[PDB]
């Protein structure tokens, strides 16, 4: 009955009969006495854990959904979902998804799984990719990175379900604060909670959030058997960062808008990429599906080698991951997109001077000034 953001603080809190703890106590026990228990359902830590369940309930609540399942990492959430794709079945996706994600395509490719890449930023190449024989899953990551292009979740989901296939959105980029894939018509939202949700760069995690109860059983059976389960202490940490998730996200957003305007005024900056610009080729889709433009910005550096620019920052940290409280900068060409080749990256239209910013919660004008000195050099 209550509202998001109240959900962030109390959503799947708990209550704690016995003592009245407001913050639920941390359940580290691997084992349980089955005689105390007036109705046995906590057996063993890999299967059942109170702290882990609270995090799950919280996450499910953020999306008005019946089920969530958390994992040791974002990659483990993806690996679990992908595991359900059978040989002689087909995962429609895109040549531009996350590199770890593409690795789970690689591994899947050897279990009779056909990976059909095609384009989903248009209607046109949606229908063909969808008419693929034996197609089981459609895999959308939106916005994409580092190009910050998007995919119309509702329309892709309309055309996919027409074929009784499953649609997952990797929603890590935007967080549930900004984008609600299940609301848009997707069947699953996938998160690396390592980013935004936990939000302090001090714990690894993944989550799936969904409604299908058949899917719920297959997912929990896999997690229990594969054992890709997170620790209780790490569920505590992810749960902790959640309270401030929307406060952090909109601080991150506001600063992003600032830096984009700083960027658009630099003589040594070419293209600036940001889902919320009026020039963005899919501005109608961003406005239709995202509540705000996000914490990530990309741009073409013109003032010389990216490698030299990277060092000049004296506030942004250079490094990988995103969404953390500390602002980060990277050159995908040198870092995140290193494993792809240039003509690859070039097909992608990822130049070697593409710079990516992940915006933290520091003072906006502090971040703007570090960016400007860095660009200016000297």
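Residue numbers count along the first chain shown, from 1.
*Asks:* Tell me which of 159-167 and 248-256 has the higher mean C-alpha B-factor in the deposited entry.
*Replies:* Stretch with the greater average CA B-factor: 159-167.
*Asks:* Out of 224-232 and 119-127, which stretch has the higher average CA B-factor listed in the record?
*Replies:* On average, C-alpha B-factors are higher across 119-127.
*Asks:* Which of these has the highest Cα B-factor in the record: 190, 237, 296, 85?
*Replies:* Among 190, 237, 296, 85, the highest C-alpha B-factor in the entry belongs to 85.
*Asks:* Maximum C-alpha temperature factor per the entry, among 197, 154, 203, 209, belongs to which one?
*Replies:* That would be 154.
*Asks:* C-alpha B factor of residue 262, ranked within the chain: lowest, middle or highest third?
*Replies:* Within its chain, residue 262 is a middle-third residue by C-alpha B-factor, going by the deposited values.
*Asks:* For the chain shown, is the CA B-factor of residue 48 in the lowest, middle or highest third of its modelled residues?
*Replies:* According to the entry, residue 48 has a C-alpha B-factor in the chain's lowest third.
*Asks:* Sorting by Cα B-factor within the chain, modelled residues only, which third would residue 338 end up in: lowest, middle or highest?
*Replies:* Highest third, going by the recorded CA B-factors of the chain.
*Asks:* Rank-wise, by C-alpha B-factor, drop residue 101 into the lowest, middle or highest third of its chain.
*Replies:* CA B-factor rank for residue 101: middle third.
*Asks:* Please place residue 64 in the lowest, middle or highest third of its chain according to the CA B-factor in the PDB entry.
*Replies:* It belongs to the middle third of the chain when residues are ordered by C-alpha B-factor.
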